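In what follows, a single structure is set out as structure tokens and then discussed.
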Amino acid sequence: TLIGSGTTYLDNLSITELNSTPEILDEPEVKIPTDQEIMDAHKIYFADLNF
Amino acid sequence: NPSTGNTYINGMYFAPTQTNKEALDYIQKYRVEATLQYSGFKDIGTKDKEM
Amino acid sequence: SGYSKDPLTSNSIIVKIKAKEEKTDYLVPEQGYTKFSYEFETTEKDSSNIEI
């Protein structure tokens, strides 16, 4: 609906289908870890034991 | 137990020496208070020895 | 880098770069133009302002 008054004018009204194909276009740069993330990455461990 | 290797206790021997034969045949009933996996520390009873 | 000149030979110039490793460096501007070409290094993409 194009309800709106004030004696304007319209011409060449269309309905066109669109295309879309952008996927990601960018990635995390390098992402070097810090000493604390390296240290906290080794908190949970399991020892393989021999009885 | 190879899943979470823990080495629970089955029992304890007492070593025979040349100078403790008499004092070992004298004792029985061995009251024990140990720590359990759940409901940790408590008295678990009094039972005679096994030999 | 850049080009520095002292039309009369006088006191030095102090260059302080602070991006990751703060550097100390002083040059002697000659009567003509010579370039200095001091280095630095960025370190996370989430760090502070680089201040030259």
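Here, A, B, ... name the chains of the structure tokens in the order displayed, residue numbers run from 1 inside each chain, and ligands are numbered from 1 in the same displayed order.
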
Produce a table with one row for each residue of chain C that has an atom at most 10 Å from any atom of chain A, each row naming the nearest atom pair and its distance in Å at one decimal; use only C-alpha atoms; arrange rows by chain and rising residue number; format as CSV.
residue,atom,partner,partner_atom,distance
C:43,CA,A:32,CA,9.4
C:44,CA,A:32,CA,8.0
C:45,CA,A:29,CA,8.9

Show me, as number ranges by chain, every residue of chain A with an atom at most 9 Å from chain B, counting only C-alpha atoms.
A: 46-51

Near-region 18-21 of chain C list (12 Å; only C-alpha atoms; drop same-chain fewer than 3 positions) as a VMD selection string
chain C and resid 15 24 to 25 38 to 52

Looking only at strand (DSSP E or B) from DSSP on the backbone, list the matching residues of chain B as a list in words.
residues 31, 32, 33, 34, 35, 41, 42, 43, 44, 45 and 46 of chain B

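From CA of residue 51 (chain B) back to CA of residue 32 (chain B), the distance works out to 16.8 Å.
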
Rounded to one decimal, what separation in Å do you get between CA of residue 36 (chain A) and CA of residue 22 (chain C)?
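Here the two named atoms are 22.8 Å from each other.
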
Mind pulling up the distance from CA of residue 31 (chain B) to CA of residue 44 (chain B)?
8.0 Å

Within 12 Å of residue 2 (chain C), counting only C-alpha atoms, which residues qualify if same-chain residues fewer than 4 places away don't, as a PDB file with C-alpha atoms, in the first residue's frame?
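In the end it all went to part.pdb:
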ATOM      1  CA  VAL C  15      62.848   9.722  19.471  1.00  0.00           C
ATOM      2  CA  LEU C  27      70.224  11.364  16.570  1.00  0.00           C
ATOM      3  CA  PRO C  29      70.999  16.245  12.697  1.00  0.00           C
ATOM      4  CA  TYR C  33      69.339  15.772   5.264  1.00  0.00           C
ATOM      5  CA  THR C  34      69.979  12.210   6.375  1.00  0.00           C
ATOM      6  CA  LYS C  35      67.335   9.650   7.265  1.00  0.00           C
ATOM      7  CA  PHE C  36      67.105   7.885  10.615  1.00  0.00           C
ATOM      8  CA  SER C  37      64.916   4.782  10.038  1.00  0.00           C
ATOM      9  CA  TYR C  38      64.065   3.485  13.517  1.00  0.00           C
TER      10      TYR C  38
END
